[PDB]
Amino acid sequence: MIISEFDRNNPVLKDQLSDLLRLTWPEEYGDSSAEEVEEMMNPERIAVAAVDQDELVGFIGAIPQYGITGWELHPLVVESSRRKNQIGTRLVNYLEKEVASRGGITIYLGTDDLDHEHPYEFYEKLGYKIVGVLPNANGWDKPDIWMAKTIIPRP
């Protein structure tokens, strides 16, 4: 497969991202599917696709939250398959390179660490470290964990 910048002018690729979001998180994107995709296509954001045989099998994005130095990893969606983790890993590695090329220094993310491999385990193996916790985020005692990584060497 190929990992590259998502072609925001390919309506079919956007339809597939839409279907991927809907099928992965029904009552989470089932209605705002197309709307979410448009948000993800915002020029300020980074958008990366994993394509195999002209089929979108994965997507990862990043949002510049603090200048162009601090970015939020969002979202990361990969099709169901036995190479899912490898797809995700390649998506993450490509994203870090993209982010760094736009002046990014650090990438953070928020996860409830639930399956809707545990997200925490996945990111921990990629070098991400817990930088914060929000209690009751998703409900009493149901926290959200924030993880981050400095994606470039100390100058």
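Sequential numbering from 1, following the sequence displayed.
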_Count class of coordinate-free deposited residues lying between the neighbours residue 116 and residue 117_ = 10 or more
*Hey, which bit's got the bigger mean C-alpha B factor in the entry, 33 to 41 or 121 to 129?*
33 to 41
_23 to 31 or 93 to 101, whichever carries the higher mean Cα B-factor_ = 23 to 31
*Looking at the C-alpha B-factor of residue 148, is it in the lowest, middle or highest third of its chain?*
lowest
*asked:* By the recorded C-alpha temperature factor, relative to the other modelled residues in its chain, which third is residue 53 in?
replied: highest
